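Asks: Sequence, then structure. It's an experimental one.
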Amino acid sequence: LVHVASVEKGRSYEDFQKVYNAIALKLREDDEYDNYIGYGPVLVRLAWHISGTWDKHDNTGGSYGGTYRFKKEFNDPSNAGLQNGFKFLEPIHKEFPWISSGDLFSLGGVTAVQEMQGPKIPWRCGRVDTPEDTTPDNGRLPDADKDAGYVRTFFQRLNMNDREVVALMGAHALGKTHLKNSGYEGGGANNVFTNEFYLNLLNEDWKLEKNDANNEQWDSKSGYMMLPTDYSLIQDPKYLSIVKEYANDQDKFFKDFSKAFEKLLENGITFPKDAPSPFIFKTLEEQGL
Ligand code: HEM
Ligand SMILES: Cc1nc2ccc(F)cn2c1N
(Lines give C-alpha, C1' and ligand atoms only; values in the text may rest on other atoms or scores of the structure.)
(Ligands and ions follow the chains in the order given, each with its own letter.)
Protein backbone atom coordinates (compact mmCIF):
# COMPACT_ATOMS: atom_id res chain seq x y z
CA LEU A 1 0.00 0.00 0.00
CA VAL A 2 1.69 3.17 -1.26
CA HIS A 3 0.74 6.77 -0.49
CA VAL A 4 2.54 9.21 -2.77
CA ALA A 5 2.74 12.85 -1.67
CA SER A 6 1.02 15.12 -4.20
CA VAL A 7 1.46 18.88 -3.81
CA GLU A 8 -1.81 20.81 -3.76
CA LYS A 9 -1.98 22.21 -7.27
CA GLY A 10 0.00 25.40 -7.76
CA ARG A 11 0.88 25.85 -4.09
CA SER A 12 4.30 26.78 -2.70
CA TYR A 13 6.01 27.75 0.57
CA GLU A 14 4.26 31.14 0.73
CA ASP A 15 0.80 29.56 0.52
CA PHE A 16 1.53 27.28 3.45
CA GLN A 17 3.12 30.10 5.49
CA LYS A 18 -0.20 31.92 5.14
CA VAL A 19 -2.04 28.91 6.59
CA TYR A 20 0.54 28.69 9.41
CA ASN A 21 -0.02 32.38 10.13
CA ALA A 22 -3.81 32.02 10.26
CA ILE A 23 -3.48 29.14 12.74
CA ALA A 24 -0.97 31.10 14.81
CA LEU A 25 -3.11 34.27 14.84
CA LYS A 26 -6.12 32.26 15.99
CA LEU A 27 -4.02 30.63 18.76
CA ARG A 28 -3.28 34.15 19.98
CA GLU A 29 -6.91 35.30 19.66
CA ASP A 30 -8.75 32.35 21.23
CA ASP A 31 -6.62 32.51 24.38
CA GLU A 32 -9.34 31.65 26.88
CA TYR A 33 -9.78 27.97 25.92
CA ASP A 34 -9.25 25.38 28.67
CA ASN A 35 -8.80 27.90 31.48
CA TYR A 36 -6.43 30.05 29.41
CA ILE A 37 -4.14 27.23 28.32
CA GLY A 38 -5.20 28.00 24.76
CA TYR A 39 -5.49 25.54 21.87
CA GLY A 40 -1.76 24.83 21.44
CA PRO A 41 -1.56 21.57 23.39
CA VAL A 42 -4.75 20.03 21.95
CA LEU A 43 -3.51 20.79 18.40
CA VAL A 44 -0.25 19.00 19.14
CA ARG A 45 -2.22 16.02 20.48
CA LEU A 46 -4.45 16.04 17.39
CA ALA A 47 -1.43 15.92 15.06
CA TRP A 48 -0.04 12.96 17.03
CA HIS A 49 -3.34 11.04 17.09
CA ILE A 50 -3.98 11.35 13.37
CA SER A 51 -0.44 10.05 12.82
CA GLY A 52 -0.29 7.44 15.58
CA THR A 53 -2.81 5.13 13.90
CA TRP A 54 -0.05 4.13 11.46
CA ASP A 55 1.00 0.49 11.10
CA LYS A 56 4.40 -0.07 9.46
CA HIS A 57 3.49 -3.63 8.53
CA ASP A 58 0.82 -2.78 5.95
CA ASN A 59 0.95 1.05 5.76
CA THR A 60 -2.59 1.47 7.04
CA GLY A 61 -3.53 4.52 9.10
CA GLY A 62 -1.16 7.47 9.38
CA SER A 63 -1.62 11.16 8.60
CA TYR A 64 -1.80 10.88 4.81
CA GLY A 65 -5.51 10.25 4.29
CA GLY A 66 -6.97 12.84 6.67
CA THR A 67 -9.33 10.15 7.93
CA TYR A 68 -9.94 11.78 11.34
CA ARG A 69 -12.68 13.71 9.51
CA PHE A 70 -14.78 10.52 9.38
CA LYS A 71 -17.03 9.49 12.27
CA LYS A 72 -15.37 6.16 13.12
CA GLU A 73 -12.05 7.85 13.89
CA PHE A 74 -13.57 11.13 15.17
CA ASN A 75 -15.51 9.08 17.75
CA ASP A 76 -12.62 6.84 18.83
CA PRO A 77 -12.67 6.88 22.66
CA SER A 78 -8.89 7.43 22.45
CA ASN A 79 -9.64 10.70 20.65
CA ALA A 80 -12.05 12.14 23.23
CA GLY A 81 -11.45 15.90 23.52
CA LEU A 82 -9.75 16.30 20.13
CA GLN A 83 -13.04 17.58 18.70
CA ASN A 84 -11.96 20.91 20.19
CA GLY A 85 -8.91 20.98 17.95
CA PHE A 86 -11.03 20.03 14.95
CA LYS A 87 -13.47 22.87 15.67
CA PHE A 88 -10.53 25.28 16.01
CA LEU A 89 -9.24 24.28 12.56
CA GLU A 90 -12.64 24.53 10.85
CA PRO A 91 -12.51 28.26 10.11
CA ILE A 92 -8.90 27.86 8.96
CA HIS A 93 -9.99 25.27 6.42
CA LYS A 94 -12.78 27.56 5.25
CA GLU A 95 -10.27 30.34 4.65
CA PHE A 96 -7.93 27.92 2.82
CA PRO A 97 -10.11 25.16 1.35
CA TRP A 98 -7.34 24.11 -1.07
CA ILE A 99 -5.30 22.43 1.68
CA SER A 100 -5.82 18.71 2.31
CA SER A 101 -7.19 17.55 5.66
CA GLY A 102 -4.05 15.59 6.56
CA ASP A 103 -1.88 18.58 5.69
CA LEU A 104 -4.06 20.86 7.84
CA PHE A 105 -4.14 18.56 10.90
CA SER A 106 -0.38 17.96 10.80
CA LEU A 107 0.43 21.64 10.14
CA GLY A 108 -1.74 22.53 13.14
CA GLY A 109 0.64 20.56 15.36
CA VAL A 110 3.76 22.07 13.84
CA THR A 111 2.36 25.59 14.21
CA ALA A 112 1.35 24.94 17.82
CA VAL A 113 4.80 23.59 18.80
CA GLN A 114 6.59 26.56 17.22
CA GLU A 115 4.23 29.23 18.51
CA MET A 116 4.63 27.77 22.03
CA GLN A 117 8.38 28.50 21.72
CA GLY A 118 9.29 24.94 20.78
CA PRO A 119 11.79 23.85 18.15
CA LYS A 120 11.35 24.46 14.47
CA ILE A 121 9.72 21.42 12.89
CA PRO A 122 10.36 21.01 9.17
CA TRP A 123 7.10 20.13 7.43
CA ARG A 124 6.22 18.66 4.04
CA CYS A 125 3.01 19.07 2.11
CA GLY A 126 1.17 16.66 -0.16
CA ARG A 127 -1.03 14.44 1.99
CA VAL A 128 -4.15 13.54 -0.04
CA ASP A 129 -7.64 12.92 1.37
CA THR A 130 -8.65 9.26 1.04
CA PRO A 131 -12.16 7.71 1.20
CA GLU A 132 -14.11 6.78 4.33
CA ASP A 133 -13.39 3.06 3.90
CA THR A 134 -9.67 3.78 4.44
CA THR A 135 -10.31 4.95 8.01
CA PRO A 136 -8.44 2.76 10.53
CA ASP A 137 -10.45 0.93 13.20
CA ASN A 138 -10.31 2.25 16.76
CA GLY A 139 -7.79 0.70 19.14
CA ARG A 140 -4.49 1.63 17.48
CA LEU A 141 -3.58 4.43 19.91
CA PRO A 142 -1.74 3.56 23.14
CA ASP A 143 -3.14 2.74 26.60
CA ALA A 144 -1.91 4.85 29.54
CA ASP A 145 -2.23 2.21 32.27
CA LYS A 146 0.76 0.12 31.14
CA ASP A 147 4.50 -0.32 31.75
CA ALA A 148 7.77 0.34 29.88
CA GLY A 149 7.65 -2.97 28.01
CA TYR A 150 4.24 -2.07 26.62
CA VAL A 151 5.43 1.39 25.58
CA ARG A 152 8.51 0.00 23.84
CA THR A 153 6.55 -2.64 21.95
CA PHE A 154 3.74 -0.25 21.05
CA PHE A 155 6.07 2.27 19.44
CA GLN A 156 7.86 -0.38 17.37
CA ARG A 157 4.68 -0.41 15.27
CA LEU A 158 5.37 3.27 14.47
CA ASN A 159 9.04 2.45 13.73
CA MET A 160 10.20 4.47 16.76
CA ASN A 161 13.20 3.51 18.91
CA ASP A 162 13.92 4.30 22.59
CA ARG A 163 15.38 7.76 21.91
CA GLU A 164 12.49 8.71 19.64
CA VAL A 165 9.94 7.51 22.21
CA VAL A 166 11.48 9.39 25.12
CA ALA A 167 11.81 12.55 23.00
CA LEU A 168 8.20 12.44 21.78
CA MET A 169 6.88 11.94 25.33
CA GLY A 170 8.38 15.31 26.30
CA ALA A 171 5.23 16.78 24.72
CA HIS A 172 3.54 15.76 28.00
CA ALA A 173 4.86 18.98 29.50
CA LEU A 174 2.07 20.61 27.48
CA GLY A 175 -1.60 21.00 28.37
CA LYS A 176 -3.15 18.70 30.97
CA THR A 177 -5.25 15.60 31.51
CA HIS A 178 -9.03 16.03 31.78
CA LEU A 179 -10.97 13.48 33.85
CA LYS A 180 -13.94 13.54 31.48
CA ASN A 181 -11.78 12.81 28.41
CA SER A 182 -9.32 10.15 29.57
CA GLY A 183 -9.91 9.08 33.15
CA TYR A 184 -6.81 10.97 34.35
CA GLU A 185 -6.72 14.35 36.05
CA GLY A 186 -4.42 17.03 37.41
CA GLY A 187 -0.79 18.07 37.15
CA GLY A 188 -1.45 21.74 36.60
CA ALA A 189 -1.08 23.02 33.08
CA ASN A 190 1.31 24.65 30.67
CA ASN A 191 1.45 26.20 27.19
CA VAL A 192 5.17 26.81 26.73
CA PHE A 193 7.29 24.08 25.14
CA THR A 194 10.18 23.14 27.44
CA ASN A 195 12.04 20.08 28.74
CA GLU A 196 10.19 20.28 32.06
CA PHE A 197 8.59 16.82 31.67
CA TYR A 198 11.99 15.25 32.28
CA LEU A 199 12.92 17.62 35.12
CA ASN A 200 9.64 16.87 36.88
CA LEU A 201 10.10 13.10 36.46
CA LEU A 202 13.53 13.28 38.08
CA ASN A 203 13.07 16.00 40.69
CA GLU A 204 9.59 15.51 42.12
CA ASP A 205 8.61 13.16 44.96
CA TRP A 206 6.10 10.83 43.40
CA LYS A 207 3.43 8.64 44.94
CA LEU A 208 1.21 6.09 43.18
CA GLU A 209 -2.48 6.69 43.86
CA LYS A 210 -5.94 5.98 42.46
CA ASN A 211 -7.87 8.94 41.06
CA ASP A 212 -11.59 9.77 41.09
CA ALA A 213 -12.10 7.61 37.98
CA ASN A 214 -10.49 4.68 39.79
CA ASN A 215 -7.37 4.81 37.59
CA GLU A 216 -3.77 4.64 38.81
CA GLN A 217 -1.53 7.66 38.39
CA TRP A 218 1.60 9.08 40.00
CA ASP A 219 1.08 12.29 41.98
CA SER A 220 3.56 14.73 43.55
CA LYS A 221 2.88 16.99 46.53
CA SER A 222 3.60 19.95 44.24
CA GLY A 223 0.41 18.93 42.46
CA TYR A 224 1.92 17.41 39.32
CA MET A 225 0.99 14.04 37.81
CA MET A 226 2.43 11.33 35.59
CA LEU A 227 0.59 8.56 33.74
CA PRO A 228 1.87 5.05 34.45
CA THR A 229 3.32 5.13 30.92
CA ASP A 230 5.05 8.48 31.66
CA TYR A 231 6.51 7.11 34.90
CA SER A 232 7.69 3.98 33.10
CA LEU A 233 10.37 6.14 31.48
CA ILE A 234 12.25 6.32 34.80
CA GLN A 235 11.45 2.73 35.85
CA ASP A 236 13.20 1.27 32.79
CA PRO A 237 16.97 1.76 32.87
CA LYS A 238 17.38 2.41 29.14
CA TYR A 239 14.63 5.05 29.12
CA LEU A 240 16.01 6.55 32.35
CA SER A 241 19.38 7.35 30.78
CA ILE A 242 17.67 9.30 27.99
CA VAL A 243 15.36 11.09 30.43
CA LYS A 244 18.46 12.29 32.29
CA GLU A 245 20.05 13.41 29.01
CA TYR A 246 17.07 15.57 28.05
CA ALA A 247 16.68 16.95 31.60
CA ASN A 248 20.23 18.21 31.30
CA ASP A 249 20.29 19.46 27.71
CA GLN A 250 17.42 21.61 26.45
CA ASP A 251 18.90 22.02 22.96
CA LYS A 252 19.44 18.27 22.49
CA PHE A 253 15.82 17.61 23.52
CA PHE A 254 14.58 20.25 21.05
CA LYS A 255 16.62 18.79 18.18
CA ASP A 256 15.62 15.19 18.86
CA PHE A 257 11.95 16.09 19.37
CA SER A 258 11.93 18.00 16.06
CA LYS A 259 13.30 14.96 14.19
CA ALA A 260 10.95 12.46 15.88
CA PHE A 261 7.85 14.63 15.47
CA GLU A 262 8.52 15.26 11.77
CA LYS A 263 9.06 11.51 11.31
CA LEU A 264 5.81 10.74 13.17
CA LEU A 265 3.88 13.14 10.94
CA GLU A 266 5.45 11.72 7.77
CA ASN A 267 5.26 7.99 8.47
CA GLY A 268 3.57 6.12 5.62
CA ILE A 269 4.17 8.81 3.00
CA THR A 270 6.33 8.31 -0.08
CA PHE A 271 7.89 11.59 -1.23
CA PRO A 272 8.90 11.80 -4.92
CA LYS A 273 12.59 12.51 -5.58
CA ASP A 274 11.67 15.91 -7.02
CA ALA A 275 9.20 16.83 -4.26
CA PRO A 276 9.82 20.22 -2.63
CA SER A 277 12.29 20.31 0.25
CA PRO A 278 10.72 20.42 3.72
CA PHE A 279 9.39 23.85 4.68
CA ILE A 280 10.57 25.66 7.80
CA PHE A 281 7.94 28.22 8.73
CA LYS A 282 8.67 31.52 10.41
CA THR A 283 6.88 32.20 13.69
CA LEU A 284 4.61 35.26 14.02
CA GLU A 285 7.29 36.72 16.26
CA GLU A 286 9.98 36.25 13.59
CA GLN A 287 7.73 38.01 11.06
CA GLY A 288 6.94 40.99 13.31
CA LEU A 289 3.28 39.95 13.23
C1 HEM B 1 2.38 5.98 25.53
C2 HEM B 1 2.10 7.07 24.80
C3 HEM B 1 1.03 8.10 25.19
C4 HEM B 1 -0.02 7.97 26.02
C5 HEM B 1 -0.49 6.74 26.81
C6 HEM B 1 -0.70 9.24 26.06
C7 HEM B 1 -1.83 9.51 26.80
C8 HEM B 1 -2.38 10.76 27.02
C9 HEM B 1 -3.52 11.06 27.86
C10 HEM B 1 -4.33 10.03 28.66
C11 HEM B 1 -3.74 12.38 27.79
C12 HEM B 1 -4.86 13.16 28.50
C13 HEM B 1 -5.92 13.56 27.47
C14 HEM B 1 -7.05 14.32 28.14
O15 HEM B 1 -7.51 13.92 29.25
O16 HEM B 1 -7.50 15.35 27.57
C17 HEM B 1 -2.75 12.96 26.91
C18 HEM B 1 -2.65 14.30 26.60
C19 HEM B 1 -1.74 14.84 25.72
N20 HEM B 1 -0.85 14.12 24.95
FE21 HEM B 1 -0.38 12.15 25.18
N22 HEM B 1 -0.03 10.13 25.24
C23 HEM B 1 1.04 9.46 24.69
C24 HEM B 1 1.96 9.99 23.81
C25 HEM B 1 1.94 11.28 23.33
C26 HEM B 1 2.77 11.82 22.27
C27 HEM B 1 3.78 10.96 21.49
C28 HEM B 1 2.45 13.13 22.11
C29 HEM B 1 3.02 14.17 21.10
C30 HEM B 1 4.25 14.12 20.59
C31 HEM B 1 1.42 13.45 23.07
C32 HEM B 1 0.85 14.70 23.27
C33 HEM B 1 -0.12 15.02 24.19
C34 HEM B 1 -0.56 16.36 24.54
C35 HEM B 1 0.01 17.66 23.96
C36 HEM B 1 -1.53 16.25 25.47
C37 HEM B 1 -2.30 17.41 26.13
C38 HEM B 1 -3.65 17.61 25.42
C39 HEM B 1 -4.49 18.72 26.02
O40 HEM B 1 -4.03 19.46 26.92
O41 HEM B 1 -5.66 18.88 25.58
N42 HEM B 1 1.13 12.30 23.79
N43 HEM B 1 -1.93 11.95 26.45
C1 LIG C 1 1.01 19.10 32.54
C2 LIG C 1 0.65 17.82 31.87
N3 LIG C 1 0.37 17.74 30.53
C4 LIG C 1 0.09 16.47 30.27
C5 LIG C 1 -0.24 15.83 29.05
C6 LIG C 1 -0.50 14.50 29.03
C7 LIG C 1 -0.40 13.78 30.24
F8 LIG C 1 -0.65 12.49 30.21
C9 LIG C 1 -0.09 14.33 31.43
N10 LIG C 1 0.18 15.69 31.44
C11 LIG C 1 0.53 16.58 32.44
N12 LIG C 1 0.66 16.14 33.71
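Replies: Okay, I see it. Numbers count the residues shown, from 1 in each chain. Ligands and ions are numbered 1, 2, ... in the order given.
Asks: Can you tell me the SS state at residue 285?
Replies: helix (DSSP: H, G, I helix; E, B strand; the rest coil).
Asks: if I look at the residue nearest to residue 137 when sequence neighbours are not counted, how far off is ligand 2?
Replies: Excluding its sequence neighbours, the residue lying closest to residue 137 (C-beta to C-beta, 6 or more residues apart in numbering) is residue 72, at 7.3 Å. The way it works is simple: take the backbone N, C-alpha and C, and place the C-beta from them, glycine included. Noted for residue 72: a distance of 24 Å to ligand 2, by C-beta to the nearest ligand atom, to the nearest Å.
Asks: sec struct for residue 275, please.
Replies: Classified using three-state DSSP, residue 275 is coil.
Asks: Give me the neighbour count for it.
Replies: By other C-beta atoms under 10 Å, the residues close to residue 275 number 16.
Asks: Go ahead and confirm it touches residue 124.
Replies: Yes: between residue 275 and residue 124 there is a contact under C-beta atoms under 8 Å: 7.1 Å.
Asks: hey, what's in contact with both of those two?
Replies: residue 5 (C-beta atoms under 8 Å, 6 or more residues apart in numbering).
Asks: quick one on the thing from earlier: quickly find the element holding the residue nearest to residue 137.
Replies: helix 71-74 (DSSP states H and E).
Asks: Report the closest residue of this structure relative to ligand 1.
Replies: residue 175 (2.0 Å; C-beta to the nearest ligand atom).
Asks: Give me the phi and psi angles of that residue.
Replies: phi 60, psi -140 (degrees, to the nearest 10).
Asks: Against ligand 2, how distant is the closest residue to it other than its chain neighbours?
Replies: Spatial nearest neighbour of residue 175, excluding adjacent residues (C-beta to C-beta, 6+ apart): residue 41 at 2.7 Å. In this view, residue 41 and ligand 2 are 7 Å apart by C-beta to the nearest ligand atom.
Asks: let's have the chain start at 665 instead
Replies: Got it, first residue is 665 now, which makes that one residue 705.
Asks: so where does residue 705 fall, helix or strand?
Replies: When the helices and strands are read off by DSSP H and E, the one containing residue 705 is helix 704-715.
Asks: mind checking how far that helix is from the chain centre?
Replies: 4 Å (C-alpha atoms, centre = their mean, to the nearest Å).
Asks: Give the other helices and strands that it contacts.
Replies: helix 677-693, helix 697-700, helix 747-759, helix 765-779, helix 914-930 (3 or more C-beta pairs under 8 Å, 6 or more residues apart in numbering; DSSP states H and E).
Asks: these two touch, right, the residue nearest to residue 839 and residue 838?
Replies: Yes: using C-beta under 8 Å, residue 705 makes contact with residue 838 at a distance of 4.0 Å.
Asks: if I look at these two, which residues touch both of them?
Replies: 780, 854-855.
Asks: Pull out the buried members of these.
Replies: 780, 854-855 (16 or more other C-beta atoms under 10 Å).
Asks: Looking at the residues you listed, which is nearest residue 699?
Replies: Nearest to residue 699 out of those is residue 855 (C-beta to C-beta; 10.6 Å).
Asks: Does the closest one belong to a helix, a strand or coil?
Replies: Assignment for residue 855 (three-state DSSP): coil.
Asks: wait, doesn't it sit right on residue 701?
Replies: Yes: using C-beta under 8 Å, residue 855 is in contact with residue 701, at 5.1 Å.
Asks: what does the stretch 715-864 of the chain have sitting close to ligand 2?
Replies: Contact residues, the stretch 715-864 of the chain versus ligand 2 (C-beta under 6 Å from any ligand atom): 836, 838-841, 851-854.
Asks: Cool, thanks, talk later.
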